[PDB]
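Trainee: So the protein lines, in turn, are chains A and B.
Positions 55 to 108 (full-length UniProt numbering) are the ones given, in order, by the first sequence.
Positions 109 to 162 (full-length UniProt numbering) are the ones given, in order, by the second sequence.
Take this structure first; my questions come after.
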Amino acid sequence: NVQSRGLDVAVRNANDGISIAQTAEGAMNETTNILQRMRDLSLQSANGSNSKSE
Amino acid sequence: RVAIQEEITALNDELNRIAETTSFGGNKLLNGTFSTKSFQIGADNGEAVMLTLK
């Protein structure tokens, strides 16, 4: 009985850890998308056609 | 000979006007201030080609 109740808590704690790892990954999804945009801008800015203004 | 020289000087001033005014969005090209500019053609950095305008 003690092991069954403890195992029920264990699934709850495993799920909570899945929740935190899931949320952290979701935020890093947009960090990747932002960095990719910064990389496209950098490549566009490396061209010699641009003057200082652009 | 002086009459021909008049059109020679008008045309010579025409060449200097072309050199000093030709531009790509205000970026003068033919007056020698363009010098060498590298154009980035590639998905990764470091792949650029040097265009020289004289």
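Cβ coordinates follow ideal geometry from the N, Cα and C atoms, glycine included.
#1: Between the C-alpha atoms of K145(B) and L138(B), what's the straight-line distance to the nearest angstrom?
#2: If I'm right that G134(B) touches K162(B) with Cβ under 8 Å, what's the distance once you round it to whole angstroms?
#3: Please report the distance separating the alpha-carbon of residue 95(B) from that of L119(B).
#4: Taking the C-alpha atoms as reference points, what is the distance between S105(A) and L89(A)?
Mentor: On the basis of the coordinates in this document:
#1: Each residue's alpha carbon lies about 13 Å from the other.
#2: The Cβ separation is near 20 Å, so there is no contact.
#3: It is not possible to answer for residue 95(B), since the shown part of chain B is limited to 109 through 162.
#4: About 24 Å.
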